[PDB]
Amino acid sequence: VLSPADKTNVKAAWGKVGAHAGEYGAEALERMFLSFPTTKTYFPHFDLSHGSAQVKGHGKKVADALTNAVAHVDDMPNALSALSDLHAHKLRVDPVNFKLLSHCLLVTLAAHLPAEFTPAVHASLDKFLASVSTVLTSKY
């Protein structure tokens, strides 16, 4: 379902992120906690203040899991299998929350990629984030 054009777009946009992956993951998490405060209840023992080391730390793990998913775009269910198990079985994350984080990741990419975030690239990144969400909610 992710077309060759979509894979090209995702790889080109995500490749522009590069070394800023942790920074952008932390920014997307902060956007989510501020816009959708109920999402904070999933991290009760985190310091969720602006610029917190725990948020920065978690943002880099989220961004690296996305970088791994871009490299394994042809076999995403296998690559994110263990992560699908954690979110559904242990954390019990409500599937509506994946749409909230995906939106905040897209908003962060739009804010940092003025030239690259065209309507076609936006549609490709949306398809990619929806495919990751589908995989992460598949173990219910």
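Think of the rigid core as the biggest set of C-alphas that the two forms share within 1.5 Å after superposition. One-based numbering along the sequence shown.
Asks: I'd like to know which segment deviates more from the shown structure in 5 other deposited structures of this protein: 29 to 37 or 86 to 94, using C-alpha RMS over all structures and residues after a core fit.
Replies: Once the cores are fitted, 86 to 94 deviates more in 5 other deposited structures of this protein.
Asks: Looking at the entry, does 92 to 100 or 47 to 55 show the higher mean C-alpha B-factor?
Replies: That would be 47 to 55.
Asks: Tell me which stretch has the larger mean Cα B-factor in this entry, 119 to 127 or 19 to 27.
Replies: Averaged over C-alpha atoms, the B-factors run higher in 19 to 27.
Asks: Relative to the other modelled residues of the same chain, rank the CA B-factor of residue 38 and answer lowest, middle or highest third.
Replies: Its C-alpha B-factor, which the entry lists for residue 38, ranks in the middle third among residues of this chain.
Asks: Determine, from the deposited record, the chain-internal third of the Cα B-factor for residue 63: lowest, middle or highest.
Replies: Tercile = middle for this residue's CA B-factor.
Asks: Just say lowest, middle or highest third for the CA B-factor of residue 69 relative to the other modelled residues in its chain.
Replies: As the PDB entry reports it, the C-alpha B-factor of residue 69 lands in the middle third of its chain.
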